[PDB]
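S.K.: Here you go, this is my_file.cif (mmCIF, C-alpha atoms).
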data_query
loop_
_atom_site.label_atom_id
_atom_site.label_comp_id
_atom_site.auth_asym_id
_atom_site.auth_seq_id
_atom_site.Cartn_x
_atom_site.Cartn_y
_atom_site.Cartn_z
CA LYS A 2 0.00 0.00 0.00
CA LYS A 3 1.10 3.59 -0.31
CA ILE A 4 1.07 5.80 2.80
CA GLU A 5 -2.51 6.86 3.49
CA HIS A 6 -3.49 10.36 4.64
CA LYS A 7 -6.51 11.45 6.65
CA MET A 8 -7.81 14.29 8.82
CA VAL A 9 -8.68 13.66 12.45
CA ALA A 10 -10.40 16.21 14.70
CA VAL A 11 -8.46 16.42 17.96
CA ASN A 12 -8.27 19.00 20.77
CA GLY A 13 -9.65 21.89 18.70
CA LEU A 14 -7.61 21.03 15.57
CA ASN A 15 -8.09 19.22 12.31
CA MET A 16 -4.98 17.06 12.41
CA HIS A 17 -3.34 15.48 9.40
CA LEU A 18 -2.30 11.89 9.98
CA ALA A 19 -0.15 9.80 7.68
CA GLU A 20 -0.51 6.05 8.14
CA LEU A 21 1.11 2.88 6.80
CA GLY A 22 0.87 -0.73 7.94
CA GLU A 23 -1.31 -2.85 10.22
CA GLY A 24 -0.60 -4.38 13.70
CA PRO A 25 0.38 -2.70 16.95
CA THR A 26 0.50 1.10 16.75
CA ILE A 27 3.69 3.14 16.66
CA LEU A 28 3.14 6.86 16.98
CA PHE A 29 5.90 8.98 15.40
CA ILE A 30 6.28 12.62 16.50
CA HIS A 31 8.38 15.04 14.37
CA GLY A 32 10.27 18.12 15.34
CA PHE A 33 11.36 21.54 14.07
CA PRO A 34 11.14 22.60 11.22
CA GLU A 35 9.92 19.22 10.06
CA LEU A 36 6.73 17.30 9.09
CA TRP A 37 5.24 13.78 9.24
CA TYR A 38 7.41 13.23 6.15
CA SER A 39 10.62 13.11 8.24
CA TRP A 40 9.53 9.60 9.17
CA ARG A 41 9.20 8.30 5.60
CA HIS A 42 11.97 5.63 5.92
CA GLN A 43 10.88 4.38 9.35
CA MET A 44 7.19 4.11 8.42
CA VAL A 45 8.14 1.72 5.59
CA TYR A 46 10.67 -0.20 7.62
CA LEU A 47 8.31 -0.80 10.54
CA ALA A 48 5.17 -1.36 8.42
CA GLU A 49 6.96 -4.04 6.54
CA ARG A 50 7.71 -5.79 9.86
CA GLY A 51 4.12 -5.97 11.10
CA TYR A 52 3.44 -2.61 12.82
CA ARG A 53 1.03 0.22 12.06
CA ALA A 54 2.99 3.43 11.66
CA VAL A 55 1.11 6.67 12.37
CA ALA A 56 2.69 10.06 11.90
CA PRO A 57 0.88 13.31 12.31
CA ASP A 58 1.66 16.85 11.40
CA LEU A 59 1.71 18.60 14.75
CA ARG A 60 -0.20 21.69 15.75
CA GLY A 61 0.93 24.61 13.51
CA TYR A 62 2.55 22.33 10.93
CA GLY A 63 1.90 21.04 7.48
CA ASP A 64 -1.65 19.98 6.76
CA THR A 65 -2.80 20.28 10.39
CA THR A 66 -5.19 23.21 10.86
CA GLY A 67 -6.98 25.21 13.53
CA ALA A 68 -4.28 26.52 15.89
CA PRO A 69 -4.28 30.31 15.96
CA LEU A 70 -0.94 31.51 14.56
CA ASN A 71 -1.50 34.94 16.06
CA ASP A 72 -1.46 33.51 19.66
CA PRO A 73 1.76 31.64 20.61
CA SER A 74 0.30 30.86 24.07
CA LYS A 75 -1.80 28.15 22.34
CA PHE A 76 1.42 26.31 21.43
CA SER A 77 2.26 25.42 25.02
CA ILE A 78 3.53 22.00 26.01
CA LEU A 79 0.15 21.39 27.69
CA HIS A 80 -1.71 22.11 24.46
CA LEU A 81 0.73 19.91 22.57
CA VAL A 82 0.42 16.94 24.88
CA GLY A 83 -3.40 17.45 24.88
CA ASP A 84 -3.27 17.09 21.07
CA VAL A 85 -1.39 13.80 21.32
CA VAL A 86 -3.60 12.30 24.07
CA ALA A 87 -6.74 13.12 22.06
CA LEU A 88 -5.12 11.79 18.90
CA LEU A 89 -4.41 8.46 20.54
CA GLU A 90 -7.99 8.25 21.87
CA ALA A 91 -9.25 8.83 18.34
CA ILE A 92 -6.89 6.55 16.35
CA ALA A 93 -5.90 3.79 18.74
CA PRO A 94 -9.12 3.09 20.72
CA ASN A 95 -8.23 -0.59 21.40
CA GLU A 96 -4.73 -0.13 22.68
CA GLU A 97 -4.33 1.02 26.23
CA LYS A 98 -0.62 1.61 25.52
CA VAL A 99 1.22 2.32 22.23
CA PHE A 100 4.79 2.67 21.16
CA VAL A 101 6.08 6.21 20.76
CA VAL A 102 9.01 7.35 18.63
CA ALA A 103 9.91 11.05 18.60
CA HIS A 104 12.48 13.63 17.65
CA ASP A 105 13.47 17.20 18.67
CA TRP A 106 10.23 19.16 19.71
CA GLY A 107 8.46 15.88 19.25
CA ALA A 108 10.75 14.32 21.85
CA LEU A 109 9.95 17.14 24.26
CA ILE A 110 6.30 16.44 23.68
CA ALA A 111 6.95 12.71 24.23
CA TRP A 112 8.82 13.29 27.52
CA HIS A 113 5.79 15.27 28.81
CA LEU A 114 3.34 12.71 27.43
CA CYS A 115 5.22 10.12 29.50
CA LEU A 116 5.19 12.29 32.57
CA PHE A 117 1.57 13.30 32.39
CA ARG A 118 0.13 10.02 31.01
CA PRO A 119 2.49 7.06 31.45
CA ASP A 120 -0.59 4.84 31.26
CA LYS A 121 -0.72 5.51 27.53
CA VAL A 122 2.87 4.68 26.52
CA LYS A 123 4.26 1.13 26.24
CA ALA A 124 7.80 2.20 25.46
CA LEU A 125 9.56 5.25 24.05
CA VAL A 126 12.33 5.92 21.56
CA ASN A 127 13.40 9.57 21.74
CA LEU A 128 15.78 11.18 19.35
CA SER A 129 18.02 14.26 19.84
CA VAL A 130 16.42 15.94 22.88
CA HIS A 131 17.29 14.46 26.26
CA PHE A 132 14.99 14.88 29.27
CA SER A 133 15.15 18.53 30.32
CA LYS A 134 15.12 18.75 34.03
CA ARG A 135 13.37 22.00 35.00
CA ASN A 136 15.84 24.72 36.10
CA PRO A 137 14.34 26.48 39.09
CA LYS A 138 16.14 29.74 38.40
CA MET A 139 15.01 30.66 34.92
CA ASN A 140 13.25 29.54 31.83
CA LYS A 141 14.99 28.02 28.82
CA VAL A 142 14.94 31.20 26.72
CA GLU A 143 16.69 33.23 29.44
CA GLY A 144 19.10 30.32 30.10
CA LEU A 145 20.13 29.97 26.45
CA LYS A 146 20.42 33.73 25.97
CA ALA A 147 22.72 34.02 29.02
CA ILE A 148 25.09 31.47 27.40
CA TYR A 149 24.85 32.33 23.68
CA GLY A 150 23.54 35.91 23.50
CA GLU A 151 20.74 37.70 21.65
CA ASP A 152 21.43 36.28 18.14
CA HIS A 153 20.90 32.67 19.34
CA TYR A 154 18.01 31.24 17.36
CA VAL A 155 15.80 30.63 20.41
CA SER A 156 16.12 34.27 21.35
CA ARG A 157 15.71 35.55 17.80
CA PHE A 158 12.57 33.41 17.46
CA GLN A 159 10.77 35.15 20.41
CA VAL A 160 8.99 38.17 18.98
CA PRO A 161 6.21 37.23 16.52
CA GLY A 162 6.90 38.41 13.01
CA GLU A 163 10.65 39.07 13.40
CA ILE A 164 12.14 35.79 12.21
CA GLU A 165 9.25 35.48 9.71
CA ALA A 166 10.37 38.76 8.15
CA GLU A 167 13.98 37.66 8.16
CA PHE A 168 13.06 34.51 6.26
CA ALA A 169 10.52 36.08 3.84
CA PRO A 170 12.94 37.27 1.17
CA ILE A 171 15.06 34.16 1.49
CA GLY A 172 12.25 31.69 0.82
CA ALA A 173 11.35 28.50 2.60
CA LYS A 174 13.53 26.33 0.38
CA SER A 175 16.77 28.06 1.14
CA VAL A 176 15.97 28.36 4.84
CA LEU A 177 15.10 24.65 5.04
CA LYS A 178 18.16 23.52 3.04
CA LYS A 179 20.42 25.51 5.31
CA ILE A 180 18.88 24.07 8.48
CA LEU A 181 18.44 20.48 7.22
CA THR A 182 22.07 20.27 5.97
CA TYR A 183 23.59 21.96 9.04
CA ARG A 184 26.29 19.90 10.81
CA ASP A 185 28.30 22.18 13.14
CA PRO A 186 27.84 21.59 16.84
CA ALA A 187 27.21 25.28 17.62
CA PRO A 188 23.69 26.62 17.90
CA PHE A 189 22.10 28.51 15.00
CA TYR A 190 22.49 32.31 15.02
CA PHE A 191 20.23 34.67 13.17
CA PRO A 192 21.57 38.23 13.44
CA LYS A 193 19.08 40.87 12.34
CA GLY A 194 19.17 41.50 8.65
CA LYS A 195 21.95 38.95 8.01
CA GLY A 196 19.65 36.17 6.84
CA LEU A 197 21.49 32.84 6.71
CA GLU A 198 25.00 34.33 6.65
CA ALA A 199 25.96 33.30 10.21
CA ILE A 200 25.29 29.59 9.56
CA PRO A 201 28.29 27.71 8.20
CA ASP A 202 28.00 25.23 5.33
CA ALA A 203 29.29 21.63 5.49
CA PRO A 204 30.90 19.96 2.46
CA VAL A 205 28.15 19.12 0.04
CA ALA A 206 28.96 15.36 -0.02
CA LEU A 207 27.85 15.17 3.61
CA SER A 208 24.19 16.03 2.68
CA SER A 209 23.80 13.44 -0.15
CA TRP A 210 21.13 11.82 2.15
CA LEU A 211 18.68 14.63 1.26
CA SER A 212 17.44 14.59 -2.28
CA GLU A 213 16.19 17.63 -4.09
CA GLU A 214 12.71 16.01 -4.21
CA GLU A 215 12.75 15.52 -0.44
CA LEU A 216 13.91 19.06 0.12
CA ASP A 217 11.10 20.32 -2.15
CA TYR A 218 8.51 18.46 -0.09
CA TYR A 219 9.45 20.48 2.97
CA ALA A 220 9.92 23.73 1.00
CA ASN A 221 6.56 23.57 -0.77
CA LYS A 222 4.73 22.95 2.51
CA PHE A 223 6.48 25.69 4.49
CA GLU A 224 6.00 28.08 1.57
CA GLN A 225 2.17 27.42 1.98
CA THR A 226 2.06 27.53 5.82
CA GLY A 227 4.89 29.90 6.65
CA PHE A 228 7.02 29.27 9.76
CA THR A 229 4.84 30.94 12.44
CA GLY A 230 3.18 27.74 13.64
CA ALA A 231 6.50 25.97 14.05
CA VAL A 232 8.34 28.89 15.61
CA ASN A 233 5.52 29.49 18.04
CA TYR A 234 6.66 26.38 20.01
CA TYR A 235 9.79 28.36 21.06
CA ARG A 236 7.65 31.42 21.88
CA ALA A 237 5.78 29.29 24.39
CA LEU A 238 8.97 28.24 26.23
CA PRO A 239 8.45 30.93 28.96
CA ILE A 240 4.94 29.78 29.76
CA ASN A 241 5.99 26.13 29.50
CA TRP A 242 8.50 26.70 32.27
CA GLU A 243 5.78 28.21 34.55
CA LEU A 244 3.17 25.55 33.68
CA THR A 245 5.50 22.61 34.37
CA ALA A 246 6.38 23.46 37.94
CA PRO A 247 4.12 20.68 39.33
CA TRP A 248 6.53 18.07 37.90
CA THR A 249 9.70 19.15 39.70
CA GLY A 250 11.35 15.97 40.99
CA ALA A 251 8.99 13.70 39.01
CA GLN A 252 10.44 10.78 37.09
CA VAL A 253 9.55 9.41 33.66
CA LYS A 254 8.51 5.81 34.38
CA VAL A 255 8.24 4.50 30.81
CA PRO A 256 10.88 2.17 29.27
CA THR A 257 13.02 4.41 27.10
CA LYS A 258 15.75 4.34 24.50
CA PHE A 259 17.53 7.58 23.65
CA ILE A 260 19.50 8.17 20.46
CA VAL A 261 21.52 11.26 19.43
CA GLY A 262 23.89 12.14 16.65
CA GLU A 263 27.52 12.97 17.56
CA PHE A 264 27.30 16.46 16.03
CA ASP A 265 23.76 17.46 17.10
CA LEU A 266 23.91 21.01 18.47
CA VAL A 267 21.47 19.96 21.23
CA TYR A 268 24.01 17.37 22.45
CA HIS A 269 26.61 20.14 22.80
CA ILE A 270 24.58 22.42 25.07
CA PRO A 271 26.80 23.00 28.14
CA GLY A 272 26.08 20.32 30.68
CA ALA A 273 24.11 18.07 28.31
CA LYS A 274 26.81 15.39 27.86
CA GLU A 275 27.35 15.23 31.59
CA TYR A 276 23.62 14.95 32.37
CA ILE A 277 23.14 12.33 29.65
CA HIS A 278 26.06 10.04 30.52
CA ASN A 279 26.99 10.56 34.15
CA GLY A 280 23.75 9.65 35.87
CA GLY A 281 21.43 12.65 35.88
CA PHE A 282 19.45 11.36 32.92
CA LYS A 283 19.08 7.86 34.42
CA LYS A 284 17.82 9.38 37.72
CA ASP A 285 15.07 11.24 35.89
CA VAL A 286 14.31 8.32 33.53
CA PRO A 287 14.94 5.14 35.63
CA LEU A 288 14.00 2.70 32.83
CA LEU A 289 16.40 4.32 30.34
CA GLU A 290 18.43 1.83 28.29
CA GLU A 291 22.05 2.45 27.41
CA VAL A 292 22.24 5.69 25.45
CA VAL A 293 23.06 5.46 21.74
CA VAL A 294 25.28 8.00 20.06
CA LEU A 295 25.46 7.76 16.28
CA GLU A 296 29.02 8.35 15.18
CA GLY A 297 29.45 10.75 12.31
CA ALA A 298 25.82 11.96 12.40
CA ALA A 299 24.28 15.36 13.14
CA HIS A 300 20.75 16.42 14.19
CA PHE A 301 18.39 14.93 11.57
CA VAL A 302 19.17 11.32 12.31
CA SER A 303 15.96 9.74 11.04
CA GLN A 304 16.76 11.02 7.52
CA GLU A 305 20.56 10.98 7.71
CA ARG A 306 20.92 7.52 9.19
CA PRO A 307 17.58 5.92 8.29
CA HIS A 308 18.67 2.30 8.52
CA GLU A 309 20.33 2.77 11.92
CA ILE A 310 17.34 4.60 13.37
CA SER A 311 14.74 2.21 11.84
CA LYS A 312 16.57 -0.80 13.14
CA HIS A 313 17.20 0.75 16.55
CA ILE A 314 13.45 1.28 16.76
CA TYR A 315 12.54 -2.22 15.69
CA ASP A 316 15.00 -3.98 17.97
CA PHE A 317 13.84 -1.98 20.99
CA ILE A 318 10.12 -2.46 20.51
CA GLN A 319 10.64 -6.17 19.86
CA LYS A 320 11.85 -6.44 23.51
CA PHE A 321 8.24 -5.91 24.71
CA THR A 322 6.74 -9.15 23.27
#
Translate the structure described by the file into structure tokens.
M.R.:
Amino acid sequence: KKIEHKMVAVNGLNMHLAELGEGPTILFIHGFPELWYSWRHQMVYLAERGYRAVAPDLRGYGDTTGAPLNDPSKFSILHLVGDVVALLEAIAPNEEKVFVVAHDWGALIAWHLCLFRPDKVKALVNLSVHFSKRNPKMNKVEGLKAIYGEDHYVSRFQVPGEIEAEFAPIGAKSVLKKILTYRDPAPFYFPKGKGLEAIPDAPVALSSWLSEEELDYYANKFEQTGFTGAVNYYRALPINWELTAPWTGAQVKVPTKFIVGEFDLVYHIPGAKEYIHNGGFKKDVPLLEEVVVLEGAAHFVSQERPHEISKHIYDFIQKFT
């Protein structure tokens, strides 16, 4: 079968869902600035091995409609997890628990899904973004700005309309190519009026995993939607920090596998390596398996290293039968 697409009404939205395969459900959750389509290789790989792969476009993305772009407060982590809970009630009504695979913002969503509703998740594979223990002193925006300054992407993303205007003359295709093909471990910088000039380019041979056709899929969609929906997730970081105070000291109790590329900027945030490998992570996530680091890979591991990711997913979820 080809991948099937449908619209599901969930939590105030009309959510686009891509689906392939039959059997136990695996929910795949994309990140920024991505789409359901970032899972193309894993959907096939898992569907051919007897699972039903389901991948939505998240709130503010792709073919998913109804979130108000003019109100970033509606892109909170609570809204996002609410979307996913309602989605699972709608599309997996006979499975008390499902498998979850996620990446980047999707992984953040998945960590909070597991915190808020562990009764819904059988096991989790999270890519790129490790569990973020809440810092009592300040929110993530302030934290990242203190380290990296005002041109850091998270900071430059804050005021609605600013980054959108930066990107407008550049076009979605160029913006996406630059981000998708990025390999340096530093965070992205977007100095005012300098467009993509502060982001270094890797040798072209290192992005042969992304075809022009695949790039165009993302470009065409973001050219229709713009970036506001996607960027709004970062604009909600300050409220997310306030709203998540009840979960200070709480542990994720779901069996978990975490995978990250060697060169992923997120993996090079100060303190991340130490949290991930030296025990902090395992204290917050007590059923965490040995962490996997993909040598020679950067952020977009599901597309860059499709076989490794697909197989890592299969071999983990096979442990639960």
S.K.: Applying the PyMOL selection byres ((chain A and resi 299-301) around 9) to the file I just gave you, which residues come out? Please list them as a PyMOL selection string.
M.R.: chain A and resi 39+104-105+128-129+181-186+261-268+295-298+302-306
S.K.: From the list A:239, A:67, A:32, A:281, which residue is nearest residue 140 (chain A) when using only C-alpha atoms?
M.R.: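 Between A:239, A:67, A:32, A:281, the residue approaching residue 140 (chain A) most closely is A:239.
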S.K.: Please write the residues picked by the PyMOL selection byres ((chain A and resi 77) around 10) on this file as a VMD selection string.
M.R.: chain A and resid 73 to 76 78 to 83 110 233 to 242 244
S.K.: Okay, now the selection with C-alpha atoms, as a PDB file, keeping the file's coordinate frame?
M.R.:
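File written: part-v9.pdb
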ATOM      1  CA  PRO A  73       1.760  31.640  20.610  1.00  0.00           C
ATOM      2  CA  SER A  74       0.300  30.860  24.070  1.00  0.00           C
ATOM      3  CA  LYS A  75      -1.800  28.150  22.340  1.00  0.00           C
ATOM      4  CA  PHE A  76       1.420  26.310  21.430  1.00  0.00           C
ATOM      5  CA  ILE A  78       3.530  22.000  26.010  1.00  0.00           C
ATOM      6  CA  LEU A  79       0.150  21.390  27.690  1.00  0.00           C
ATOM      7  CA  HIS A  80      -1.710  22.110  24.460  1.00  0.00           C
ATOM      8  CA  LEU A  81       0.730  19.910  22.570  1.00  0.00           C
ATOM      9  CA  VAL A  82       0.420  16.940  24.880  1.00  0.00           C
ATOM     10  CA  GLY A  83      -3.400  17.450  24.880  1.00  0.00           C
ATOM     11  CA  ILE A 110       6.300  16.440  23.680  1.00  0.00           C
ATOM     12  CA  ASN A 233       5.520  29.490  18.040  1.00  0.00           C
ATOM     13  CA  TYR A 234       6.660  26.380  20.010  1.00  0.00           C
ATOM     14  CA  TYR A 235       9.790  28.360  21.060  1.00  0.00           C
ATOM     15  CA  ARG A 236       7.650  31.420  21.880  1.00  0.00           C
ATOM     16  CA  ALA A 237       5.780  29.290  24.390  1.00  0.00           C
ATOM     17  CA  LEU A 238       8.970  28.240  26.230  1.00  0.00           C
ATOM     18  CA  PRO A 239       8.450  30.930  28.960  1.00  0.00           C
ATOM     19  CA  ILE A 240       4.940  29.780  29.760  1.00  0.00           C
ATOM     20  CA  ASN A 241       5.990  26.130  29.500  1.00  0.00           C
ATOM     21  CA  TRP A 242       8.500  26.700  32.270  1.00  0.00           C
ATOM     22  CA  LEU A 244       3.170  25.550  33.680  1.00  0.00           C
TER      23      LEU A 244
END
S.K.: Rounded to one decimal in Å, what is the spacing between CA of residue 14 (chain A) and CA of residue 59 (chain A)?
M.R.: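 Computed distance, CA of residue 14 (chain A) to CA of residue 59 (chain A), equals 9.7 Å.
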S.K.: What is the CA of residue 103 (chain A)-CA of residue 173 (chain A) distance in Å, reported with one decimal?
M.R.: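 Going from CA of residue 103 (chain A) over to CA of residue 173 (chain A) covers 23.7 Å.
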S.K.: Evaluate the PyMOL selection byres ((chain A and resi 259) around 6) against this structure - the residues, as a list in words, please.
M.R.: residues 126, 127, 128, 258, 260 and 292 of chain A
S.K.: How far is it from CA of residue 7 (chain A) to CA of residue 174 (chain A), in Å with one decimal?
M.R.: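 That distance, rounded to one decimal, is 25.7 Å.
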S.K.: With only C-alpha atoms as the counted atoms, please give the residues lying no more than 12 Å from residue 134 (chain A), apart from itself and same-chain residues fewer than 5 positions off, as a PyMOL selection string.
M.R.: chain A and resi 109+112-113+116+139-141+242+245-246+248-253+272-273+276-277+281-286
S.K.: Please provide as a PyMOL selection string all residues within 10 Å of residue 190 (chain A), with the sequence filter that same-chain residues fewer than 2 positions apart are discarded (counting all atoms listed in the file).
M.R.: chain A and resi 149-157+187-188+192-193+195-200
S.K.: Quick one: write out the picked residues with C-alpha atoms as a short mmCIF file (atom, residue, chain, number, x, y, z; two decimals), in the frame of the given file?
M.R.:
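Below you can see part_2.cif, which holds the result:
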data_model
loop_
_atom_site.label_atom_id
_atom_site.label_comp_id
_atom_site.auth_asym_id
_atom_site.auth_seq_id
_atom_site.Cartn_x
_atom_site.Cartn_y
_atom_site.Cartn_z
CA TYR A 149 24.85 32.33 23.68
CA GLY A 150 23.54 35.91 23.50
CA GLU A 151 20.74 37.70 21.65
CA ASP A 152 21.43 36.28 18.14
CA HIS A 153 20.90 32.67 19.34
CA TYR A 154 18.01 31.24 17.36
CA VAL A 155 15.80 30.63 20.41
CA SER A 156 16.12 34.27 21.35
CA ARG A 157 15.71 35.55 17.80
CA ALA A 187 27.21 25.28 17.62
CA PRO A 188 23.69 26.62 17.90
CA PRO A 192 21.57 38.23 13.44
CA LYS A 193 19.08 40.87 12.34
CA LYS A 195 21.95 38.95 8.01
CA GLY A 196 19.65 36.17 6.84
CA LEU A 197 21.49 32.84 6.71
CA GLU A 198 25.00 34.33 6.65
CA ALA A 199 25.96 33.30 10.21
CA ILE A 200 25.29 29.59 9.56
#
S.K.: Counting only C-alpha atoms, what is within 12 Å of residue 177 (chain A), bar same-chain residues fewer than 5 positions away, as a list in words?
M.R.: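 Near residue 177 (chain A), the qualifying residues are residues 33, 34, 35, 36, 168, 171, 172, 182, 183, 197, 211, 213, 215, 216, 217, 218, 219, 220, 221, 222, 223, 224, 227 and 228 of chain A.
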S.K.: If we count all atoms listed in the file, what is near residue 11 (chain A) at a cut-off of 9 Å, once residues fewer than 6 positions away on the same chain are taken out, given as a list in words?
M.R.: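 Near residue 11 (chain A), the qualifying residues are residues 83, 84, 85, 86, 87, 88 and 91 of chain A.
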S.K.: Neighbourhood query: residues within 8 Å of (7.7, 0.8, 23.5), file coordinates, counting only C-alpha atoms; return as a ChimeraX atom specification.
M.R.: /A:99-101,122-126,256-257,317-318,321
S.K.: Mind listing whatever residues come within 10 Å of the point (2.3, 4.4, 17.9)? Use all atoms listed in the file, file coordinates, and give them as a PyMOL selection string.
M.R.: chain A and resi 25-30+52-56+89+92-93+96+98-102+122-125
S.K.: Could you save those same residues with C-alpha atoms as a CSV table (one decimal), in the coordinates of the input?
M.R.:
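Once written, selection_38.csv looks like this:
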chain,number,residue,atom,x,y,z
A,25,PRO,CA,0.4,-2.7,17.0
A,26,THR,CA,0.5,1.1,16.8
A,27,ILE,CA,3.7,3.1,16.7
A,28,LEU,CA,3.1,6.9,17.0
A,29,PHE,CA,5.9,9.0,15.4
A,30,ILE,CA,6.3,12.6,16.5
A,52,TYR,CA,3.4,-2.6,12.8
A,53,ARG,CA,1.0,0.2,12.1
A,54,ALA,CA,3.0,3.4,11.7
A,55,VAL,CA,1.1,6.7,12.4
A,56,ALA,CA,2.7,10.1,11.9
A,89,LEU,CA,-4.4,8.5,20.5
A,92,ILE,CA,-6.9,6.6,16.4
A,93,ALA,CA,-5.9,3.8,18.7
A,96,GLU,CA,-4.7,-0.1,22.7
A,98,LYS,CA,-0.6,1.6,25.5
A,99,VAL,CA,1.2,2.3,22.2
A,100,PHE,CA,4.8,2.7,21.2
A,101,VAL,CA,6.1,6.2,20.8
A,102,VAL,CA,9.0,7.4,18.6
A,122,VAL,CA,2.9,4.7,26.5
A,123,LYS,CA,4.3,1.1,26.2
A,124,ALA,CA,7.8,2.2,25.5
A,125,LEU,CA,9.6,5.2,24.0
S.K.: Just add N, CA and C atoms to region 60-75 of chain A and send it as a PDB file, in the frame of the given file.
M.R.:
ATOM      1  N   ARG A  60       0.404  20.383  15.682  1.00  0.00           N
ATOM      2  CA  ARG A  60      -0.200  21.690  15.750  1.00  0.00           C
ATOM      3  C   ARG A  60       0.716  22.749  15.069  1.00  0.00           C
ATOM      4  N   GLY A  61       0.174  23.512  14.123  1.00  0.00           N
ATOM      5  CA  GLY A  61       0.930  24.610  13.510  1.00  0.00           C
ATOM      6  C   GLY A  61       1.781  24.212  12.304  1.00  0.00           C
ATOM      7  N   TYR A  62       1.759  22.921  11.971  1.00  0.00           N
ATOM      8  CA  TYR A  62       2.550  22.330  10.930  1.00  0.00           C
ATOM      9  C   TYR A  62       1.754  21.729   9.807  1.00  0.00           C
ATOM     10  N   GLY A  63       2.285  21.907   8.606  1.00  0.00           N
ATOM     11  CA  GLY A  63       1.900  21.040   7.480  1.00  0.00           C
ATOM     12  C   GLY A  63       0.426  21.170   7.162  1.00  0.00           C
ATOM     13  N   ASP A  64      -0.242  20.038   7.057  1.00  0.00           N
ATOM     14  CA  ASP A  64      -1.650  19.980   6.760  1.00  0.00           C
ATOM     15  C   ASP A  64      -2.576  20.024   7.962  1.00  0.00           C
ATOM     16  N   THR A  65      -2.007  20.154   9.161  1.00  0.00           N
ATOM     17  CA  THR A  65      -2.800  20.280  10.390  1.00  0.00           C
ATOM     18  C   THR A  65      -3.261  21.730  10.559  1.00  0.00           C
ATOM     19  N   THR A  66      -4.571  21.900  10.746  1.00  0.00           N
ATOM     20  CA  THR A  66      -5.190  23.210  10.860  1.00  0.00           C
ATOM     21  C   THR A  66      -5.907  23.409  12.193  1.00  0.00           C
ATOM     22  N   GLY A  67      -6.103  24.704  12.484  1.00  0.00           N
ATOM     23  CA  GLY A  67      -6.980  25.210  13.530  1.00  0.00           C
ATOM     24  C   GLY A  67      -6.292  25.954  14.676  1.00  0.00           C
ATOM     25  N   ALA A  68      -4.972  25.923  14.764  1.00  0.00           N
ATOM     26  CA  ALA A  68      -4.280  26.520  15.890  1.00  0.00           C
ATOM     27  C   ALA A  68      -4.162  28.003  15.514  1.00  0.00           C
ATOM     28  N   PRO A  69      -4.357  28.914  16.442  1.00  0.00           N
ATOM     29  CA  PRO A  69      -4.280  30.310  15.960  1.00  0.00           C
ATOM     30  C   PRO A  69      -2.833  30.816  15.914  1.00  0.00           C
ATOM     31  N   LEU A  70      -2.340  31.127  14.726  1.00  0.00           N
ATOM     32  CA  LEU A  70      -0.940  31.510  14.560  1.00  0.00           C
ATOM     33  C   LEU A  70      -0.632  32.796  15.278  1.00  0.00           C
ATOM     34  N   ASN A  71      -1.662  33.644  15.444  1.00  0.00           N
ATOM     35  CA  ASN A  71      -1.500  34.940  16.060  1.00  0.00           C
ATOM     36  C   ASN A  71      -1.439  34.883  17.615  1.00  0.00           C
ATOM     37  N   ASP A  72      -1.481  33.686  18.197  1.00  0.00           N
ATOM     38  CA  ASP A  72      -1.460  33.510  19.660  1.00  0.00           C
ATOM     39  C   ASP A  72      -0.527  32.361  20.075  1.00  0.00           C
ATOM     40  N   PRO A  73       0.777  32.670  20.231  1.00  0.00           N
ATOM     41  CA  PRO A  73       1.760  31.640  20.610  1.00  0.00           C
ATOM     42  C   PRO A  73       1.471  30.921  21.910  1.00  0.00           C
ATOM     43  N   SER A  74       0.653  31.513  22.782  1.00  0.00           N
ATOM     44  CA  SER A  74       0.300  30.860  24.070  1.00  0.00           C
ATOM     45  C   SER A  74      -0.456  29.534  23.840  1.00  0.00           C
ATOM     46  N   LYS A  75      -1.072  29.371  22.668  1.00  0.00           N
ATOM     47  CA  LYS A  75      -1.800  28.150  22.340  1.00  0.00           C
ATOM     48  C   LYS A  75      -0.900  27.060  21.760  1.00  0.00           C
TER      49      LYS A  75
END
